[PDB]
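Below: one structure, written as structure tokens.
Protein chains in written order, with the authors' numbering: chain B, 448 to 519, 527 to 563, 580 to 599, 607 to 701, 709 to 838, 859 to 891; chain A, 448 to 519, 527 to 563, 580 to 599, 607 to 701, 709 to 838, 859 to 891.
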């Protein structure tokens, strides 16, 4: 499903992928890169099958793409009518029924009106004379673009951090921005238990405040609760993220946190969007205090930086190390980094090693002299373009 | 002790001022304003005395102001040596002894060396080979310019916001920036009881978290503890300040809080400096989360504004109401207020009334047309001067 990678021959291992038979839809694009344009006159695909799996494998070849559905109570439809009647375009209920005639479900060829009653119960909508108006929670959910199922828990979760908060460590703030667990990694309970003990006093205060139990943490799972499960794995996601924003090496996290570097960036990129949705959610809800605390946490999670390097990282060519080593060079802000000597940044960038060898996202490799000049050149444009 | 107020005749009511005899030092400048330069050829003062008070009154006429002292364990000397050994100028103890030879005490003509030991006990200085070096707490106190006596309590009080913090209301943030009680007003306990009951649920949570007791608050004082007494007054000072930053009418606070407008601005100006010292104190101590919450509270306490008008108030001619009515005119930031139509701001400033009739601090009265032009004109100069 990613970027095109042309090749003359594409060979597949088994029709069974990850313990399940291969889907037809992915099979159309499975080998569609075979045959380069204007270079290869023939592209071929060779699915490898064994014993009786050939009967299942050949179904991939003669199969046709499954017809599309609409997947539309349904959780994907609650947002559908919330997203429109909260924008003010659709107010009358009869016009809403007309909108449901415009969906994919309607064009394919009852409970649409009953889903509004679901929104009435959860205070998302105030009932008037029927003509419907948004509430404070309803207008905040749309603007931040959260699913209404998740918001009901967040609003109570964020209102429990109302009463008690900690500020010396970034953990409790990070706990409110960790999205979920999904299946980003396989948990290691014994390793978590050793990590649970070695946690300092300040961080352990956070866990008790959000429902995580010191007595039950990597204790009962060894010897053997869905909402209690979703909290402990939320805590592990927050525990991992705090090391990410502490600029610890990613190799060290692998040896310590057990999750490979592939699943880390698949989290910090996903958890950075969450911090960008909680912050907007708290802005529209009139909570000006943790909107301040969570304001800087979207940039920190995206790049895995500290508070110091927030301004340096604004240049697109400084991801996580090109700003740290540059920070130690006496340059602490992007304003004066824009005025840096071109020859000065060459030597400092050469050191700190863990012709087009230095890499920058979007332009493949680059040479050190050009990239170092790009560090300053990008900083020139930012200074006047934003002012 | 204030601004020069020339007058031809000055009359003093009694030698007794507030139940105490008048001080000679203020008596010299009591009369010193009599006689205008180049206008009045004769200035006189008539002290008024009765019965036996004349003997006390006449003593000031033939008396002389007392000679100066040095006021230098002593609390004003602890900061004196902390101001020099933390700045790095004086490190060796023997050289520090020469500093005590340079003060007013030495020039007038033991415990100085016994007072640096007091700082050693309270972690303010680390002891090395004697050569003294500042600590994290020692360097933070100097930068924020707090008395070392007050810092020991603040450090244990600010660190008690680590345990639990509230963010729905500004009360807990305000409680940590209320300086003290001094004698800014006379407390009204029965009036505080009626106010204590009517406090919403969110604010009452703050009081229990800082030591204020719901069970004992305007309860035992009616029927009849220095550290406990200084907390309850600290809470009352925070309750008053929360109304100040809510832009409630100043007249309404009098009818509700019992303290008149004179002691209000003499406290919000004093509490604004405190927020400017706690913020710097937390900055140097490496508490980046706490500095975030208190960063905006120096500007809010000075002007009695909300978060919305923080940017508008940057113009020196918008104190507390010239920005609120201007805010409702569709102008929410100082960037676009600088581009406002000159004739447009005239009509909006005319309304909201609770030729030089409008007033701006420092330039006495002004006319509406000129001041409204000054509103934009000051905004012109700010935009490019800071960039």
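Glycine included, each C-beta is placed from N, C-alpha and C at the ideal position.
Next item on the list: Can you have a look at residue 829(B) and say buried or exposed, based on whether 16 or more other CB atoms are within 10 angstroms of its CB?
Entry: buried
Next item on the list: Round the Cβ separation of residue 860(B) and residue 871(B) to the nearest angstrom and send it over; I've been treating them as touching at under 8 Å.
Entry: 5 Å
Next item on the list: With DSSP collapsed to three states, give me the class of residue 464(B).
Entry: strand
Next item on the list: Could you work out which residues of chain B lie near residue 738(A), taking near to mean beta carbons separated by less than 8 Å?
Entry: Neighbours of residue 738(A) on chain B: none; closest Cβ ~28 Å, over 8 Å.
Check: Do you know how far the Cα of residue 727(A) is from the Cα of residue 646(A)?
Finding: 12 Å
Checklist line | Cross-strand partners of residue 540(B) (DSSP beta bridge) | finding: Beta-bridge pairing links residue 540(B) to no other residue.
Notebook entry, point to check: So, is the C-beta of residue 773(B) closer than 8 Å to a C-beta in chain A?
Noted result: yes
Margin query: Rounded to whole angstroms, what is the Cα-Cα separation between residue 591(B) and residue 597(B)?
Written below: 10 Å
Check: Would you call the CB atoms of residue 835(A) and residue 880(A) closer than 8 Å?
Finding: no
Note to self: So the candidates are 491(A), 826(A), 786(A); which of them puts its Cα closest to the Cα of residue 875(A)?
What the structure shows: 826(A)
Next item on the list: Under 8 Å Cβ to Cβ from residue 642(A), same chain only, skipping five residues before and after it: list those, please.
Entry: 649
Next item on the list: State the beta-bridge partners of residue 492(A) as determined by DSSP.
Entry: 457(A)
Check: Can you list the residues of chain B that residue 638(A) reaches, using a CB-CB cut of under 7 Å?
Finding: 644
Checklist line | Straight-line gap, residue 593(B) to residue 550(B) (C-alpha atoms, nearest Å) | finding: 19 Å
Margin query: Between the region 709-721 of chain A and the region 668-687 of chain A, can you find at least three pairs of beta-carbon atoms closer than 8 Å?
Written below: yes
Next item on the list: Using a Cβ cut-off of 8 Å, pull out every chain A residue sitting near residue 641(B), in sequence order please.
Entry: 641, 642, 643
Next item on the list: Determine whether the Cβ of residue 682(A) lies closer than 8 Å to any Cβ atom of chain B.
Entry: yes
Item checked: For residue 750(B) and residue 477(B), the rounded distance between their alpha carbons -> 23 Å
Next item on the list: In the DSSP assignment, find the unbroken alpha helix (DSSP H) run with residue 818(A) in it and report its ends.
Entry: 818-821
Next item on the list: Evaluate residue 458(A) with the Cβ neighbour count: other Cβ atoms within 10 Å of its Cβ, from every protein chain shown; 16 or more gives buried, anything less gives exposed.
Entry: exposed
Margin query: If you reduce the DSSP assignment to three classes, tell me which class residue 625(A) lands in.
Written below: helix
Next item on the list: Answer yes or no: do residue 758(A) and residue 654(A) have a C-beta to C-beta separation smaller than 8 Å?
Entry: yes
Notebook entry, point to check: Does any C-beta atom of chain A lie closer than 8 Å to the C-beta of residue 791(B)?
Noted result: yes
Next item on the list: Pick out whichever of 516(A), 541(A), 621(A) has its Cα sitting closest to the Cα of residue 767(A).
Entry: 621(A)
Notebook entry, point to check: Does the Cβ of residue 518(A) have 16 or more other Cβ atoms within 10 Å, making it buried, or fewer, making it exposed?
Noted result: exposed
Next item on the list: Report, in whole angstroms, the separation of the C-beta atoms of residue 833(A) and residue 806(A), which I expect to be a contact under 8 Å.
Entry: 7 Å
Notebook entry, point to check: Alpha carbon to alpha carbon, what distance is there between residue 868(B) and residue 831(B)?
Noted result: 22 Å
Note to self: My assumption, with CB atoms under 8 Å, is that residue 631(B) sits in contact with residue 765(B). Please give the rounded CB distance.
What the structure shows: 7 Å
Notebook entry, point to check: What are the start and end residues of the alpha helix (DSSP H) that includes residue 766(B)?
Noted result: 745-768
Note to self: For the pair the region 541-555 of chain A and the region 494-509 of chain A, tell me if three or more CB-CB distances fall below 8 Å.
What the structure shows: no
Notebook entry, point to check: Three or more C-beta pairs closer than 8 Å, one from the region 448-458 of chain B and one from the region 485-499 of chain B: is that the case here?
Noted result: yes
Notebook entry, point to check: Among the residues of its own chain, which have a CB less than 8 Å from the CB of residue 778(A), if the five just before and after it don't count?
Noted result: 650, 653, 654, 759, 762, 763, 766
Note to self: Checking 8 Å against the spacing of the C-beta atoms, do residue 819(A) and residue 887(A) come in under that value?
What the structure shows: yes
Checklist line | Proximal chain A residues relative to residue 707(B), where beta-carbon distance stays under 8 Å | finding: In this structure residue 707(B) is absent; chain B steps straight from 701 to 709.
Notebook entry, point to check: Just how far apart, CA to CA, sit residue 471(A) and residue 640(B)?
Noted result: 55 Å
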